[PDB]
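**Student:** model the structure of this input:
(chains A, B, C, D and E, ligands or ions: 4)
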Amino acid sequence: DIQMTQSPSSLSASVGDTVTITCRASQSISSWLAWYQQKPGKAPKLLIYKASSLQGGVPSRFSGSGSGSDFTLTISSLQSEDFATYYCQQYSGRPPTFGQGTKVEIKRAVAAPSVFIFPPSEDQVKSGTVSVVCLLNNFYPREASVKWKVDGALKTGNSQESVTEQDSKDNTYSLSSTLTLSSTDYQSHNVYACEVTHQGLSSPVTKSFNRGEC
Amino acid sequence: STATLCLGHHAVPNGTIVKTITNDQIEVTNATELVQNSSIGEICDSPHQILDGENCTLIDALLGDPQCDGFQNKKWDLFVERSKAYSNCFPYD
Amino acid sequence: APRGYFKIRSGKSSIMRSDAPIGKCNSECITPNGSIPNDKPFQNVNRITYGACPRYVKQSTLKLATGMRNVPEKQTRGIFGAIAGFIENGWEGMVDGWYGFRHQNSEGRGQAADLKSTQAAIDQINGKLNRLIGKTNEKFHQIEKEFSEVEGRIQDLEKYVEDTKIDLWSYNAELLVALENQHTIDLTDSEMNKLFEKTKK
Amino acid sequence: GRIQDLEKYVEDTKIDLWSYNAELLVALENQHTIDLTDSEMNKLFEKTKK
Amino acid sequence: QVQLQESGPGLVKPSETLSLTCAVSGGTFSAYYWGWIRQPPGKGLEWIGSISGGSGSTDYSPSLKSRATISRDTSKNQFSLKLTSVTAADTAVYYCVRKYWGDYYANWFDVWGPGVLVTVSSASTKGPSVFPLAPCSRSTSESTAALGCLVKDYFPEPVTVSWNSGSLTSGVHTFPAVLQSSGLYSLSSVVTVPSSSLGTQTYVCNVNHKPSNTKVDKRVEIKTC
Ligand SMILES: *[C@@H]1O[C@H](CO)[C@@H](O[C@@H]2O[C@H](CO)[C@@H](O[C@@H]3O[C@H](CO)[C@@H](O)[C@H](O)[C@@H]3O)[C@H](O)[C@H]2NC(C)=O)[C@H](O)[C@H]1NC(C)=O
Ligand SMILES: *[C@@H]1O[C@H](CO)[C@@H](O[C@@H]2O[C@H](CO)[C@@H](O[C@@H]3O[C@H](CO)[C@@H](O)[C@H](O)[C@@H]3O)[C@H](O)[C@H]2NC(C)=O)[C@H](O)[C@H]1NC(C)=O
Ligand SMILES: *[C@@H]1O[C@H](CO)[C@@H](O[C@@H]2O[C@H](CO)[C@@H](O)[C@H](O)[C@H]2NC(C)=O)[C@H](O)[C@H]1NC(C)=O
Ligand SMILES: *[C@@H]1O[C@H](CO)[C@@H](O)[C@H](O)[C@H]1NC(C)=O
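**Tutor:** Residues are numbered from 1 along each chain as shown, chains lettered A, B, ... in the order given. Ligands and ions are numbered 1, 2, ... in the order given. This is the structure:
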């Protein structure tokens, strides 16, 4: 009905930074908008309402302004507690309509990632499927990439990537990419390796265990 | 049909009792406190100057006990005494 | 023989008897039980005080109202037109403001909050806070208020002086509190009446 | 010394108590007058309308 | 003040009825209005409809107006949603929310439900396959080690893992669920534990596949071929 536009569609900045997220409307609605904070993997909480009238439970740093079509949320000071997907919702017209949702992160704490390949457990060998996954503990920009090169061939792209979102500790990622084979297909080769291409450093570290290691 | 406008005021699911003159007990929305009954549990510096005897009474400090005599030519806002302090050099009245 | 002369100044300096350690914090009022904020107007920690210490009383708790008279209305719904809103019957569920308008029209049933009257409400409450919050007297050198030994007559009279003060203040504070509570409750519902009249007029 | 110290206490006690006491007396009457004036305005108002 | 507890089966056969309930705690149910709201993961969310938490007079989003049926109870302090002829796409997370009494007003969704996942049971429901993962030399940082516990072959989602029944929390990262080429769902909840504790303690990963009611305090141990 009445589409809610959210801008900028993506954003980031560091600690103690002011950022602005703008909401647009198809039809200018007179100060009838709501903003929401959604912690990833948690129940989304209400942030503001009615052209950003101040609300208790929401500290003063969160502020906004409403002017018909021109609606902006401002984070006055960026804390780590402020990473989430922010939504602008219109109640002026029915049915209600929602902000698109902006993945906002903190541009801070660029760190060297820690590489963690995962061995096939014995249940795994007995299972008939071998999943060879590799964990990068702490990289801020997602520049880090994953690849798999067994002694025989390149098994990259056959991995199912799972990256954790930004944490309360750090606005960084942790990626574990699941390369599952069959026991028949996995057994055929000998030397197994996790290789890590971090574009932040451009230095690949290959982590290998030979046949016999258990 | 016919419209009806109807006025009223807000309330709270959970309120607190308050002592008045009209009624010794009544329920209102939001209460507060007028009596601070709790301490941090220590003498804290800023903004006044403190000085702790830590074994010497002010008379003992004014006179000179060799142990805990550091208080010589020392100034303060508020001097404090410990109840574990005593004369341990020479008696006096 | 005196080995010289002690230089005497005159100041806010005093003595105090306690067994609480020295620490690092920002707070003025300092008691044997320890440093407290001097923010609220009363405390019941100790007779003995120093600095901008709020007046000592005997009471445990003297709660001060900051809102209008709570009428929890937990009854079986009567399906009444609108909500049958009343000055007497309460209105659970109105987070925005302290006063609101509930309407039953042809279009449906709805509510809208006021800002004008409620702002004046909270405003007058906020003043009442400030006139009773943060205001303080400083006391720099009291007489001793605890007695390890009984010397006699003199000691007896300052025990009298002490009890005199605490009793007077205790009752005095008790009235102050109660008078304001009434005043607030009056002012709140009077503004309700004033808004009520504004509509009807 | 000690004796004088206690009268200084007694003095400050009295002045403080009276000061606050007077402060309230004043304020309570001011309210009362303002109430009484406009109430009589209301009373005359009602007399007319009634 | 006001808290909500969302309840219901996180799995449901295709083209079947969805039955959910959410709880109230504090306040009086008679004194507000309540709605439901739908969100598939990582997309836009949507308002479903609301009811008179006092009277029972209701509304629904036009899209789900025929499909969705919401209800209440004065008696038990509860309220329900009944959704018929569900789609495979309708798989989402749901919420119960507090709405303003006014039919048209602001400050909607002031309070939200904890969030309960609802996955359509495309495939047969099954038990979790708890796969321990031994820390090696090539999975230990100077200050930390990478103990793993994979829940594979589990259908449907989710599966929530406790570590020492939640005794340790520092550097515990639940990696998101994975659709394998198996058409089966899986994930690990990796735990980072200091390298000093290696070969000493036999840690436990505890599986809480709530719909299946499965508890697997399975240990991770080193074995030799
Ligand atoms: C301030 O007053 C206290 C209590 O009167 C003093 O503490 C006690 O002081 C004596 C020394 O004057 C301590 O003797 C020491 O004992 C320890 C073993 O406990 C030993 O390692 C030392 O070689 C020494 O002989 C006594 O133990 C201590 N009481 C305690 C802590 O239980 C304190 O010293 C006074 N401050 C001064 C004079 O600096
Ligand atoms: C903070 O500490 C003070 C002590 O400096 C507490 O005040 C009261 O002080 C007396 C000691 O003077 C406490 O002990 C009692 O002594 C009397 C004789 O004077 C004796 O008959 C009793 O058996 C008892 O041992 C007393 O417990 C203490 N409390 C009260 C309420 O009277 C003061 O209460 C402390 N403040 C707090 C906890 O906020
Ligand atoms: C109830 O009113 C009080 C007024 O005291 C509000 O409390 C604020 O927060 C602290 C702790 O309660 C107090 O020391 C302050 O005096 C208050 N803030 C300021 C600076 O005014 C409280 O917000 C109100 N509670 C609700 C939710 O209605
Ligand atoms: C308010 O809180 C008290 C104490 O927890 C509880 O006994 C009482 O039932 C509550 N009342 C309401 C209306 O929630």
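
**Student:** backbone dihedrals for the most centrally placed residue in chain B, please?
**Tutor:** By CA atoms, centre = their mean, chain B has its centre lying nearest to residue B:39, at 5.4 Å. Main-chain dihedrals, residue B:39, degrees, to the nearest 10: phi -120, psi 160.

**Student:** wait, what's in contact with residue E:71?
**Tutor:** E:51, E:79-82 (CB atoms under 8 Å, 6 or more residues apart in numbering or on different chains). (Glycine included, C-beta is placed from N, CA and C.)

**Student:** and residue E:120, by the same measure?
**Tutor:** E:11-14, E:86-88, E:90-91.

**Student:** what's the local residue count around the residue nearest to it when sequence neighbours are not counted?
**Tutor:** Spatial nearest neighbour of residue E:120, excluding adjacent residues (CB to CB, 6 or more residues apart in numbering or on different chains): residue E:91 at 4.7 Å. Residues near residue E:91, counting by other CB atoms under 10 Å in any protein chain shown, number 20.

**Student:** likewise for residue E:222?
**Tutor:** Applying other CB under 10 Å, we find 14 residues neighbouring residue E:222.

**Student:** so it touches residue E:134, yeah?
**Tutor:** Yes. Between residue E:222 and residue E:134 there is a contact at 5.0 Å, judged by CB atoms under 8 Å.

**Student:** that older thread, for ChimeraX, write the selection for the buried entries among the contacts of residue E:71.
**Tutor:** Selecting just the buried residues from the contacts of residue E:71 in ChimeraX takes one command, with 16 or more other CB atoms under 10 Å in any protein chain shown as the test:
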select /E:51,79,80,81
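
**Student:** give me the subset of the contacts of residue E:71 touching chain D.
**Tutor:** When CB under 8 Å from any CB of the partner chain is applied, no member of the contacts of residue E:71 is adjacent to chain D.

**Student:** show me the contacts of residue E:71 that map onto strands.
**Tutor:** Secondary structure from DSSP state E places E:51, E:79-82 of the contacts of residue E:71 in strands.

**Student:** between the residues you listed, which sits nearest residue C:162?
**Tutor:** Within these, distances to residue C:162 taken as CB to CB reach their minimum at residue E:79, with 61.3 Å.

**Student:** next SSE after the longest strand seen in chain B?
**Tutor:** Longest among the strand segments of chain B by residue count, using DSSP E, is strand B:4-9. Sequence order places strand B:16-17 as the next helix or strand after strand B:4-9, per DSSP states H and E.

**Student:** got a list of what the residue lying closest to residue A:96 once chain neighbours are set aside touches?
**Tutor:** Among residues not flanking residue A:96 along the chain, residue E:47 sits closest, at 4.3 Å (CB to CB, 6+ apart). Neighbouring residues of residue E:47 by CB under 8 Å, 6+ apart: A:95-96, A:98, E:35, E:37, E:61.

**Student:** okay, now whichever residue of chain E sits closest to ligand 4: neighbour count?
**Tutor:** Nearest residue of chain E to ligand 4 (CB to the nearest ligand atom) works out as residue E:26 at 5.1 Å. By other CB under 10 Å, 9 other residues sit near residue E:26.

**Student:** would you agree it is in contact with residue B:14?
**Tutor:** Yes. Checked against CB under 8 Å, the pair residue E:26 and residue B:14 is within contact range at 7.3 Å.

**Student:** next, show the common contact partners of these two.
**Tutor:** residue E:1.

**Student:** returning to that earlier point: quick check, nearest of the contacts of residue E:71 to residue A:214?
**Tutor:** residue E:81 (52.0 Å).

**Student:** the closest one reaches residue E:67, doesn't it?
**Tutor:** No. In this structure, residue E:81 is not within contact of residue E:67 by CB under 8 Å, at 10.6 Å.

**Student:** select the longest strand from chain A.
**Tutor:** Max-length strand for chain A by DSSP E is strand A:173-182.

**Student:** what sits up against the helix or strand following it?
**Tutor:** Reading on from strand A:173-182 to the C-terminus, the next helix or strand found by DSSP H and E is helix A:183-187. Under the contact criterion CB under 8 Å, 6+ apart, helix A:183-187 has outside partners A:120, A:125, A:127-130, A:132.

**Student:** buried ones in the helix or strand just after helix A:183-187?
**Tutor:** As assigned by DSSP H and E, the chain's next helix or strand after helix A:183-187 is strand A:192-198. Neighbour counts over strand A:192-198 (16+ other CB under 10 Å) mark A:192-196, A:198 as buried.

**Student:** can you pick out the most distant pair from these?
**Tutor:** Longest span within the buried residues of strand A:192-198, CB to CB: A:192 and A:198, 20.5 Å.

**Student:** okay, stretch E:26-44 in PDB with CA atoms only?
**Tutor:** Output in PDB follows, covering the C-alpha atoms of stretch E:26-44 (Å, rounded to 0.1, in the frame of the first residue of the first chain):
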ATOM      1  CA  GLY E  26       1.400  -8.200  34.900                       C
ATOM      2  CA  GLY E  27      -1.300  -5.700  33.900                       C
ATOM      3  CA  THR E  28      -4.900  -6.700  33.200                       C
ATOM      4  CA  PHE E  29      -5.700  -8.300  29.800                       C
ATOM      5  CA  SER E  30      -9.000  -6.500  29.700                       C
ATOM      6  CA  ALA E  31      -7.300  -3.100  29.500                       C
ATOM      7  CA  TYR E  32      -5.400  -3.300  26.200                       C
ATOM      8  CA  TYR E  33      -5.500  -4.500  22.600                       C
ATOM      9  CA  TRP E  34      -3.200  -7.300  21.300                       C
ATOM     10  CA  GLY E  35      -1.900  -8.200  17.900                       C
ATOM     11  CA  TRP E  36       0.400 -10.700  16.200                       C
ATOM     12  CA  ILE E  37       3.300  -9.900  13.800                       C
ATOM     13  CA  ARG E  38       5.200 -12.200  11.300                       C
ATOM     14  CA  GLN E  39       8.900 -12.200  10.300                       C
ATOM     15  CA  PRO E  40      10.700 -14.700   8.100                       C
ATOM     16  CA  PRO E  41      14.500 -14.400   8.900                       C
ATOM     17  CA  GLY E  42      16.400 -11.500   7.300                       C
ATOM     18  CA  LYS E  43      13.400 -10.100   5.300                       C
ATOM     19  CA  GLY E  44      10.600  -7.600   6.000                       C
END
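
**Student:** that one and ligand 3 in contact?
**Tutor:** No. In terms of CB under 6 Å from any ligand atom, no part of stretch E:26-44 sits within range of ligand 3; the closest distance is 13.8 Å.
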